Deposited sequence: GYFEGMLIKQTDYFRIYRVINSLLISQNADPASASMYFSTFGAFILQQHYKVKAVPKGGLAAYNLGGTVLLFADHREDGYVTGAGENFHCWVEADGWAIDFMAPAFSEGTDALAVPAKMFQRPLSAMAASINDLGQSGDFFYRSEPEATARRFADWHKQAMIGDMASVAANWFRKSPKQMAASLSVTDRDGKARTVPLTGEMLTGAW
């Protein structure tokens, strides 16, 4: 209670999630693509506002969330997802941060996954997908070749960099007072209003 020990305050983590979610929502992205935006835009915001090296990574990811294991992998003969089960996260200043975590309720049906922050030391990582016995446990296997290929066409898409710029400029550290909505201009020169999405967000894994 006497210092900020985590890389980012919980409330600011939620600000980041809210900003990225607000920019993405119109895109109706699949889970894998969504994680790519949460991880790259999150990393960019961390670089720009917190002055830490923050690196998006992807591959196989698994979490114990309140007793249920969420597994971003394909089952075969588990392996790294060849499709929509691929998942990205951020590694920054030793911290594992998954800015997508509040969105884990979607697509999990019976698992009834709550929306909470995921920000934990990488040094706390479990040994495997079979070592996830406690809520908040996580396991990652980076697949750098797969990650590189997944992102291969992103540099050709000017809109993505434009959205990242908007994200970094929308985010402010608490308590400074963020715009409720922004006017965003596309490459055609046309502007649209993008509002902050409106979920109430509490809790940490």
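Taken in order along the deposited sequence, the one stretch absent from the coordinates is 78 to 79.
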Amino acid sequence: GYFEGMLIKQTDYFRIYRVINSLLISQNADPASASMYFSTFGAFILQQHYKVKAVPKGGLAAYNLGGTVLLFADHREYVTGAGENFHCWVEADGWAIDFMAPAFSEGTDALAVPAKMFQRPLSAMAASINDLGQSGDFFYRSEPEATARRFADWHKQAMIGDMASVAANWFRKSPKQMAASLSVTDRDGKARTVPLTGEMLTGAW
From here on, numbers count along this sequence of modelled residues.
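As listed in the deposited structure, the average C-alpha B-factor of 186 to 194 and of 5 to 13 is greater for 186 to 194. Averaged over Cα atoms, the B-factor as recorded in the entry is higher for 68 to 76 than for the other of 88 to 96 and 68 to 76. Note on the listed residues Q157, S35, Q48, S165: the highest Cα temperature factor in the record is that of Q157. Ranking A124, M117, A103, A82 by Cα temperature factor from the entry places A82 first. In the PDB entry, a CA B factor belonging to the highest third of its chain's modelled residues is recorded for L24. Remark: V52 belongs to the highest third of its chain, ranked by C-alpha B-factor as recorded.
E143: CA B factor in the middle third of modelled residues in this chain (values from the PDB entry). The PDB entry assigns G136 a C-alpha temperature factor belonging to the lowest third of its chain's modelled residues. Annotation for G161: CA B-factor lies in the middle third of the chain's modelled residues.
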